[PDB]
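S.K.: Following this message is one structure expressed as structure tokens.
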Amino acid sequence: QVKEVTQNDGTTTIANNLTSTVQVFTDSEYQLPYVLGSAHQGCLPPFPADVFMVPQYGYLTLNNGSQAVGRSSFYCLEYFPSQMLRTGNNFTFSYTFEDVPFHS
Amino acid sequence: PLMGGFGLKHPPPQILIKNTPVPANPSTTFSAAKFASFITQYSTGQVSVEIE
Amino acid sequence: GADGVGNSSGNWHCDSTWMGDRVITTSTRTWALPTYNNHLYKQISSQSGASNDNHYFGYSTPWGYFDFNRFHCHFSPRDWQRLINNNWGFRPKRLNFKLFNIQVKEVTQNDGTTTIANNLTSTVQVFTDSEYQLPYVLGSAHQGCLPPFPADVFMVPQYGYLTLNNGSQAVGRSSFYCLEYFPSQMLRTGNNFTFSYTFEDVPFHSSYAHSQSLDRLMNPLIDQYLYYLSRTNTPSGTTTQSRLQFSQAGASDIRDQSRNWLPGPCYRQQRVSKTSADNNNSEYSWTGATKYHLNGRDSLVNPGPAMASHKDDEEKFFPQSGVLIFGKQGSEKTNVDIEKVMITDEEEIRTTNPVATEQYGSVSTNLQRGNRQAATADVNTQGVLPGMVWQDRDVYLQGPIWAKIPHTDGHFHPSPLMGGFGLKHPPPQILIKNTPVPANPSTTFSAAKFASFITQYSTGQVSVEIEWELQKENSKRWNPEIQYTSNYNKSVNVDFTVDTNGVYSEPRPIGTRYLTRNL
């Protein structure tokens, strides 16, 4: 569900925006810088009653000092196919782990 | 991996999510510039993960 | 397809796929449409004492329209590089157009506060003409095309056209088109719009440059069997008597060899230099420009016929109007300095086409005789002759894709001047309008037309998918080609990338001619 907020004076009213959409995609071809596994915050909370904020996505590339190098890549996330979800739509996918040794 | 856990050559893919921009009250005359004005909004819902 | 209020009418598709015969480019953008002219047609005309050349008469309409006609809409700078480096030619085949996730917003301005609320029952009405019954605006290189960078939201441009005029006054033949008069699909929130289109068969664009020139198409090792006049007079040693002699042309004199073809046609240009010191100090922007003349009004020929911009090592100079000039990101409309514009350069055409700033050649003026010396004249403008060959202007990255050949008794070599594909039946225009919603009519009846409407605008997504056909490069050249390469050196910002403020920019024009074919 998508909520529009209107801040006027000190009062802020939060109202349903029914026609707005949210767009979601999973890359699954591994075409983006893979952030996960760097032990960043923003994971689902330990305790199920918690509500959590979704973290922002950003990545790093080649650099010399703070200056970029010609090989540094720029990825536009708007450039991938993504499902657009309005209120009353859902998103799913399933995944199968490749064969991996047991943890001891 | 060094931090511990399972090295995966093809790990679980990333799921990226965005609020689609909604412009706010464009001018009546045409302007080729990009919009600096949007409706302020956020979204919420539930997420469910099942691992075997 | 008709969904509810809460269902999404279509998914975001922005993609590029390469099947190696074909590439299919898809792009999706977000648009915002206001209400133009307060829901009413108007006539517009040249203002007051405007010069004879500037008079116009036409109409502005409430309708907006969509134009994807620029290449960079469809191609990313990297997608453009696979095509430009690896291919001799490309043309479009069929395209598809889809509108979805429409939503209409009413805005209420009271005091300083303005609240924007969903209007669920309002509609948007859209039609594509497809019979070409309207003035065709596209292909005039107007702004308002889909943005280059997919994260941008763009305003939909207003639709207007021009007709016959005398001064600013209309002529009896001038036509008035009411866009309300065509069948149009009306879209409420939860409806979508689609159509598909198939390009008529068109010649490939040539993305290749020649490795030979017309002047030098022959074996240097072997002499011709055809004589020319090597000399016209022989000395007696007191004086030179007139005796005419002949020679077979060979490696020694190449310029005299009999040649079987001619360069393309020229319409001459004035030459200006990028270094501010070399240019003359006078106002010749107009009085010195090259022009054509219709119905008593001159018009600058900005694009011109396709010509090389400069000869060897002239890179400083460029034709006055003869090139396409793009502005850098954040450039003002008027009187902007040379550093802001990006000037394209056609020099890859030197082989088959004349330099735009110099004459086609020289021509004998008079008949010589013993008592009078022969004389010649310069030909500054040359129409087509039998046995002439030429190359068309290059399309670049941000140039237009196509244009509509006017419907006329005859036309020669329909390829457009700005570059791109001449299409007799181009992609139709898609026009879009916010349906008027009256506001609180009076309780008593009045036959007058409503001056009061709810103020509202609409927004949604638009998706364009074009299928392109590729012509692969098969060549026996031993040594490496020239490729388009992003420079390896370090920089503050990356080319074709957002800056620290989020402003996307294109550093240079990218034209499509790199790979080399022999002539």
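Following the order of the structure tokens, chains are lettered A, B, ..., residues in each are numbered from 1, and ligands are numbered from 1.
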Near residue A:19, within 8 Å and counting only C-alpha atoms, which residues show up once chain neighbours fewer than 5 positions away are dropped, as a PDB file with N, CA and C atoms, in the first residue's frame?

M.R.:
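This is the output file selection39.pdb:
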ATOM      1  N   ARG A  86       0.707  -2.375  -8.123  1.00  0.00           N
ATOM      2  CA  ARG A  86      -0.224  -1.434  -7.541  1.00  0.00           C
ATOM      3  C   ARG A  86      -0.833  -2.135  -6.329  1.00  0.00           C
ATOM      4  N   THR A  87      -1.695  -1.455  -5.586  1.00  0.00           N
ATOM      5  CA  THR A  87      -2.265  -2.091  -4.403  1.00  0.00           C
ATOM      6  C   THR A  87      -3.203  -3.209  -4.825  1.00  0.00           C
TER       7      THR A  87
ATOM      8  N   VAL C   5      -9.259  -0.456 -10.044  1.00  0.00           N
ATOM      9  CA  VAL C   5      -8.500   0.685  -9.563  1.00  0.00           C
ATOM     10  C   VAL C   5      -7.179   0.239  -8.961  1.00  0.00           C
ATOM     11  N   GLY C   6      -7.135  -0.951  -8.373  1.00  0.00           N
ATOM     12  CA  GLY C   6      -5.962  -1.390  -7.653  1.00  0.00           C
ATOM     13  C   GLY C   6      -5.025  -2.281  -8.436  1.00  0.00           C
ATOM     14  N   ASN C 101      -0.861   2.287 -16.717  1.00  0.00           N
ATOM     15  CA  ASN C 101      -0.763   2.864 -15.380  1.00  0.00           C
ATOM     16  C   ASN C 101      -1.121   4.340 -15.388  1.00  0.00           C
ATOM     17  N   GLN C 103      -3.031   7.648 -14.438  1.00  0.00           N
ATOM     18  CA  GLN C 103      -3.741   8.152 -13.278  1.00  0.00           C
ATOM     19  C   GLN C 103      -3.911   9.652 -13.417  1.00  0.00           C
ATOM     20  N   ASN C 118      -6.257  12.254  -6.056  1.00  0.00           N
ATOM     21  CA  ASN C 118      -6.690  11.374  -7.130  1.00  0.00           C
ATOM     22  C   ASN C 118      -8.105  11.714  -7.553  1.00  0.00           C
ATOM     23  N   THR C 189      -8.616   5.225 -15.244  1.00  0.00           N
ATOM     24  CA  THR C 189      -7.537   4.557 -14.526  1.00  0.00           C
ATOM     25  C   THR C 189      -7.795   3.060 -14.491  1.00  0.00           C
TER      26      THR C 189
END

S.K.: Write out as a ChimeraX atom specification each polymer residue whose atoms come within 12 Å of residue A:77, counting only C-alpha atoms; drop sequence neighbours fewer than 2 positions from it.

M.R.: /A:23-27,31-33,57-59,74-75,79-82 /B:15-18 /C:12-15,149-151

S.K.: For stretch 437-453 of chain C, please output as an mmCIF file with N, CA, C and O atoms, in the first residue's frame all residues within 9 Å (counting only C-alpha atoms; exclusion window: fewer than 5 positions along the same chain).

M.R.:
data_model
loop_
_atom_site.group_PDB
_atom_site.id
_atom_site.type_symbol
_atom_site.label_atom_id
_atom_site.label_comp_id
_atom_site.auth_asym_id
_atom_site.auth_seq_id
_atom_site.Cartn_x
_atom_site.Cartn_y
_atom_site.Cartn_z
ATOM 1 N N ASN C 38 -6.277 26.018 -21.855
ATOM 2 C CA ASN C 38 -7.558 25.985 -21.152
ATOM 3 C C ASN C 38 -8.612 25.239 -21.959
ATOM 4 O O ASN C 38 -9.746 25.694 -22.107
ATOM 5 N N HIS C 39 -8.223 24.091 -22.506
ATOM 6 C CA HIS C 39 -9.130 23.178 -23.194
ATOM 7 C C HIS C 39 -9.705 23.761 -24.477
ATOM 8 O O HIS C 39 -10.782 23.351 -24.905
ATOM 9 N N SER C 122 -12.098 10.371 -13.667
ATOM 10 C CA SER C 122 -11.721 11.151 -14.828
ATOM 11 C C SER C 122 -11.083 10.258 -15.880
ATOM 12 O O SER C 122 -10.588 9.170 -15.591
#

S.K.: Any idea which chain C residues end up within 9 Å of chain B if we count only C-alpha atoms, as a VMD selection string please?

M.R.: chain C and resid 30 to 38 105 to 107 116 143 to 145 147 152 to 158 456 to 457 459 to 460

S.K.: Could you turn the residues from that selection into a file that holds N, CA and C atoms, as a short mmCIF file (atom, residue, chain, number, x, y, z; two decimals), in the first residue's frame?

M.R.:
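The result, written out as part_0.cif:
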data_model
loop_
_atom_site.label_atom_id
_atom_site.label_comp_id
_atom_site.auth_asym_id
_atom_site.auth_seq_id
_atom_site.Cartn_x
_atom_site.Cartn_y
_atom_site.Cartn_z
N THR C 30 8.26 7.77 -17.76
CA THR C 30 7.13 8.33 -17.05
C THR C 30 6.83 9.71 -17.60
N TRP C 31 5.57 9.95 -17.95
CA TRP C 31 5.15 11.20 -18.55
C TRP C 31 4.13 11.90 -17.67
N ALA C 32 4.05 13.22 -17.85
CA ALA C 32 3.08 14.04 -17.15
C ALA C 32 2.46 15.00 -18.15
N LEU C 33 1.13 15.01 -18.22
CA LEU C 33 0.41 15.78 -19.22
C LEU C 33 -0.43 16.87 -18.58
N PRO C 34 -0.17 18.14 -18.84
CA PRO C 34 -1.05 19.19 -18.33
C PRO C 34 -2.21 19.47 -19.27
N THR C 35 -3.02 20.47 -18.96
CA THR C 35 -4.08 20.91 -19.86
C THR C 35 -3.62 22.18 -20.55
N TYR C 36 -3.60 22.17 -21.88
CA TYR C 36 -3.05 23.26 -22.66
C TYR C 36 -4.16 24.15 -23.20
N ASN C 37 -3.91 25.45 -23.21
CA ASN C 37 -4.82 26.44 -23.78
C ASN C 37 -6.18 26.46 -23.10
N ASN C 38 -6.28 26.02 -21.85
CA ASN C 38 -7.56 25.99 -21.15
C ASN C 38 -8.61 25.24 -21.96
N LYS C 105 -5.04 13.40 -11.78
CA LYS C 105 -4.95 14.10 -10.51
C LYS C 105 -5.62 15.45 -10.63
N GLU C 106 -6.55 15.75 -9.73
CA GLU C 106 -7.11 17.08 -9.65
C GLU C 106 -6.36 17.88 -8.59
N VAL C 107 -6.03 19.12 -8.92
CA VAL C 107 -5.31 20.00 -8.02
C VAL C 107 -6.22 21.14 -7.62
N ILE C 116 -3.19 18.00 -4.05
CA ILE C 116 -3.31 17.20 -5.26
C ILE C 116 -3.91 15.87 -4.86
N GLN C 143 11.95 19.69 -29.54
CA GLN C 143 12.18 19.14 -28.22
C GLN C 143 10.95 18.34 -27.78
N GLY C 144 11.01 17.80 -26.58
CA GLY C 144 9.89 17.07 -26.04
C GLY C 144 9.92 15.58 -26.28
N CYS C 145 11.00 15.05 -26.84
CA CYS C 145 11.15 13.62 -27.00
C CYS C 145 11.41 12.95 -25.66
N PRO C 147 13.21 11.31 -22.69
CA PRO C 147 14.53 11.70 -22.23
C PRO C 147 15.56 10.64 -22.56
N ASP C 152 14.37 9.80 -15.96
CA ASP C 152 13.80 11.12 -16.10
C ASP C 152 12.30 11.05 -16.35
N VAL C 153 11.59 12.05 -15.83
CA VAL C 153 10.17 12.25 -16.09
C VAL C 153 10.05 13.45 -17.01
N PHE C 154 9.22 13.35 -18.05
CA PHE C 154 9.17 14.42 -19.03
C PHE C 154 7.75 14.91 -19.21
N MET C 155 7.63 16.19 -19.54
CA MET C 155 6.35 16.80 -19.86
C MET C 155 6.01 16.52 -21.31
N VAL C 156 4.74 16.26 -21.57
CA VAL C 156 4.30 15.95 -22.93
C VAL C 156 4.07 17.25 -23.69
N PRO C 157 4.63 17.41 -24.88
CA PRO C 157 4.56 18.70 -25.57
C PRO C 157 3.20 18.96 -26.20
N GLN C 158 2.90 20.25 -26.36
CA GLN C 158 1.64 20.67 -26.95
C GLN C 158 1.69 20.51 -28.46
N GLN C 456 -6.75 19.94 -13.58
CA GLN C 456 -6.24 18.60 -13.36
C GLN C 456 -5.18 18.28 -14.39
N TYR C 457 -4.40 17.25 -14.09
CA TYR C 457 -3.38 16.74 -14.99
C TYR C 457 -3.34 15.23 -14.85
N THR C 459 -0.90 11.42 -15.54
CA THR C 459 0.44 10.86 -15.60
C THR C 459 0.35 9.36 -15.74
N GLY C 460 1.44 8.76 -16.19
CA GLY C 460 1.47 7.33 -16.41
C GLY C 460 2.81 6.93 -16.98
#

S.K.: Compute the chain B side of the contact with chain A at 10 Å, counting only C-alpha atoms, and hand it back as a VMD selection string.

M.R.: chain B and resid 1 3 to 22 39 to 52

S.K.: Using N, CA, C and O atoms, can you write the selected residues to a file as a CSV table (one decimal), in the first residue's frame?

M.R.:
chain,number,residue,atom,x,y,z
B,1,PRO,N,33.7,-18.5,2.5
B,1,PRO,CA,34.0,-17.1,2.8
B,1,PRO,C,34.7,-17.0,4.1
B,1,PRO,O,34.8,-17.9,5.0
B,3,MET,N,34.1,-14.4,6.5
B,3,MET,CA,33.2,-14.1,7.6
B,3,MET,C,32.4,-15.3,8.1
B,3,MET,O,31.7,-15.2,9.1
B,4,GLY,N,32.5,-16.4,7.4
B,4,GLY,CA,31.6,-17.6,7.7
B,4,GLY,C,30.4,-17.6,6.8
B,4,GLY,O,30.0,-16.7,6.1
B,5,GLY,N,29.9,-18.8,6.7
B,5,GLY,CA,28.8,-19.1,5.8
B,5,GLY,C,29.2,-19.8,4.5
B,5,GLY,O,30.3,-20.3,4.4
B,6,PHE,N,28.2,-19.8,3.6
B,6,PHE,CA,28.3,-20.6,2.4
B,6,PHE,C,28.7,-19.8,1.3
B,6,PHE,O,28.1,-18.8,0.9
B,7,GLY,N,29.9,-20.2,0.7
B,7,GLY,CA,30.2,-19.5,-0.6
B,7,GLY,C,29.3,-20.0,-1.7
B,7,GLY,O,29.1,-21.2,-1.9
B,8,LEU,N,28.7,-19.1,-2.4
B,8,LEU,CA,27.8,-19.4,-3.5
B,8,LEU,C,28.2,-18.7,-4.7
B,8,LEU,O,28.3,-17.5,-4.8
B,9,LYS,N,28.5,-19.5,-5.8
B,9,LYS,CA,28.8,-19.0,-7.1
B,9,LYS,C,27.7,-18.2,-7.7
B,9,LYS,O,27.9,-17.1,-8.3
B,10,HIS,N,26.4,-18.7,-7.5
B,10,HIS,CA,25.2,-18.0,-7.9
B,10,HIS,C,24.4,-17.9,-6.6
B,10,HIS,O,23.5,-18.7,-6.3
B,11,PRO,N,24.6,-16.8,-5.9
B,11,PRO,CA,23.8,-16.7,-4.6
B,11,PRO,C,22.4,-16.3,-4.9
B,11,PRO,O,22.0,-16.1,-6.0
B,12,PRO,N,21.6,-16.2,-3.8
B,12,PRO,CA,20.2,-15.6,-4.0
B,12,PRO,C,20.3,-14.3,-4.6
B,12,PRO,O,21.0,-13.4,-4.2
B,13,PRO,N,19.5,-14.0,-5.7
B,13,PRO,CA,19.6,-12.7,-6.4
B,13,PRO,C,19.1,-11.6,-5.5
B,13,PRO,O,18.5,-11.8,-4.5
B,14,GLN,N,19.5,-10.4,-5.9
B,14,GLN,CA,19.0,-9.2,-5.2
B,14,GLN,C,17.6,-8.8,-5.6
B,14,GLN,O,17.3,-8.9,-6.8
B,15,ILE,N,16.8,-8.3,-4.7
B,15,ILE,CA,15.5,-7.9,-4.9
B,15,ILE,C,15.5,-6.4,-4.7
B,15,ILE,O,15.7,-5.9,-3.6
B,16,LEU,N,15.3,-5.6,-5.8
B,16,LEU,CA,15.3,-4.1,-5.7
B,16,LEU,C,13.9,-3.6,-5.8
B,16,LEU,O,13.1,-4.1,-6.6
B,17,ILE,N,13.6,-2.5,-5.1
B,17,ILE,CA,12.3,-2.0,-5.0
B,17,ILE,C,12.4,-0.5,-5.0
B,17,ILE,O,13.3,0.1,-4.5
B,18,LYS,N,11.4,0.2,-5.6
B,18,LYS,CA,11.4,1.6,-5.8
B,18,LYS,C,9.9,2.1,-5.8
B,18,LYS,O,9.0,1.4,-6.3
B,19,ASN,N,9.7,3.3,-5.3
B,19,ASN,CA,8.5,4.0,-5.4
B,19,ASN,C,8.5,4.7,-6.8
B,19,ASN,O,9.4,5.5,-7.1
B,20,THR,N,7.5,4.4,-7.6
B,20,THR,CA,7.4,5.1,-8.9
B,20,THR,C,7.1,6.6,-8.7
B,20,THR,O,6.3,6.9,-7.9
B,21,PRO,N,7.9,7.4,-9.4
B,21,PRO,CA,7.7,8.9,-9.2
B,21,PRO,C,6.3,9.3,-9.7
B,21,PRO,O,5.9,8.9,-10.8
B,22,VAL,N,5.7,10.2,-9.0
B,22,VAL,CA,4.5,10.8,-9.4
B,22,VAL,C,4.7,12.3,-9.5
B,22,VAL,O,4.9,13.0,-8.4
B,39,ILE,N,5.1,14.3,-5.9
B,39,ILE,CA,4.3,14.0,-4.8
B,39,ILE,C,5.2,13.3,-3.8
B,39,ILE,O,5.9,12.3,-4.1
B,40,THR,N,5.2,13.7,-2.5
B,40,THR,CA,5.9,13.1,-1.5
B,40,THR,C,5.2,11.8,-1.0
B,40,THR,O,4.0,12.0,-0.5
B,41,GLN,N,5.8,10.7,-1.1
B,41,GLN,CA,5.0,9.5,-0.7
B,41,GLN,C,6.0,8.4,-0.3
B,41,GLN,O,7.2,8.4,-0.6
B,42,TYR,N,5.4,7.4,0.3
B,42,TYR,CA,6.2,6.2,0.7
B,42,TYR,C,5.2,5.0,0.6
B,42,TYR,O,4.0,5.1,0.5
B,43,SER,N,5.8,3.8,0.7
B,43,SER,CA,5.0,2.6,0.5
B,43,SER,C,5.3,1.6,1.7
B,43,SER,O,6.3,1.8,2.4
B,44,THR,N,4.5,0.7,1.9
B,44,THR,CA,4.6,-0.3,2.9
B,44,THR,C,3.9,-1.6,2.6
B,44,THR,O,3.0,-1.6,1.7
B,45,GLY,N,4.3,-2.7,3.2
B,45,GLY,CA,3.6,-4.0,2.9
B,45,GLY,C,4.3,-5.0,3.8
B,45,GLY,O,5.0,-4.7,4.8
B,46,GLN,N,4.1,-6.3,3.4
B,46,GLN,CA,4.7,-7.4,4.1
B,46,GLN,C,5.6,-8.2,3.1
B,46,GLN,O,5.4,-8.2,1.9
B,47,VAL,N,6.7,-8.8,3.6
B,47,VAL,CA,7.6,-9.6,2.9
B,47,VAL,C,7.8,-10.9,3.6
B,47,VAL,O,7.7,-11.0,4.8
B,48,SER,N,7.9,-12.0,2.8
B,48,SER,CA,7.8,-13.3,3.4
B,48,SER,C,8.9,-14.1,2.7
B,48,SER,O,8.9,-14.3,1.5
B,49,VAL,N,9.8,-14.7,3.5
B,49,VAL,CA,10.9,-15.5,3.0
B,49,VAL,C,10.8,-16.9,3.6
B,49,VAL,O,10.7,-17.0,4.8
B,50,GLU,N,10.9,-17.9,2.8
B,50,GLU,CA,10.9,-19.3,3.2
B,50,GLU,C,12.1,-20.0,2.7
B,50,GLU,O,12.3,-20.1,1.4
B,51,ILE,N,12.9,-20.5,3.6
B,51,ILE,CA,14.1,-21.3,3.2
B,51,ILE,C,13.9,-22.7,3.6
B,51,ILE,O,13.4,-23.0,4.7
B,52,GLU,N,14.4,-23.7,2.8
B,52,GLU,CA,14.4,-25.1,3.1
B,52,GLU,C,15.9,-25.5,3.4
B,52,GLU,O,16.7,-25.3,2.5

S.K.: Report the residues of stretch 28-237 of chain C whose backbone DSSP state falls under strand (DSSP E or B), written as a VMD selection string.

M.R.: chain C and resid 28 to 33 42 to 45 57 to 66 70 87 to 110 113 to 118 123 to 128 153 to 155 158 to 163 165 to 166 169 to 170 185 to 188 191 193 to 198 205 to 206 209 to 210 227 to 231 234 to 235

S.K.: Kindly give the distance, in Å, that separates atom CA of residue A:89 and atom CA of residue C:3, rounded to a single decimal.

M.R.: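 Those two atoms sit 11.6 Å apart.
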
S.K.: Closest to chain C among A:49, A:18, A:60, A:43, using only C-alpha atoms?

M.R.: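 Ranked by minimum distance to chain C, first place goes to A:18.
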
S.K.: Taking only C-alpha atoms into account, name the residue in C:398, C:96, C:115, C:471 that is nearest to chain A.

M.R.: C:115

S.K.: Calculated over only C-alpha atoms, which of the candidates C:128, C:486, C:81, C:295 has the smallest distance to chain A?

M.R.: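 For chain A, the nearest of the given residues is C:486.
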
S.K.: As an exercise, work out the distance from atom CA of residue C:181 to atom CA of residue C:427 in Å and give it to one decimal place.

M.R.: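 Between atom CA of residue C:181 and atom CA of residue C:427 the gap is 20.8 Å.
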
S.K.: Find the spatial neighbours of residue A:69, counting only C-alpha atoms, within a cut-off of 7 Å - ignore same-chain residues fewer than 4 positions away - and output them as a ChimeraX atom specification.

M.R.: /A:62-64 /C:488-491
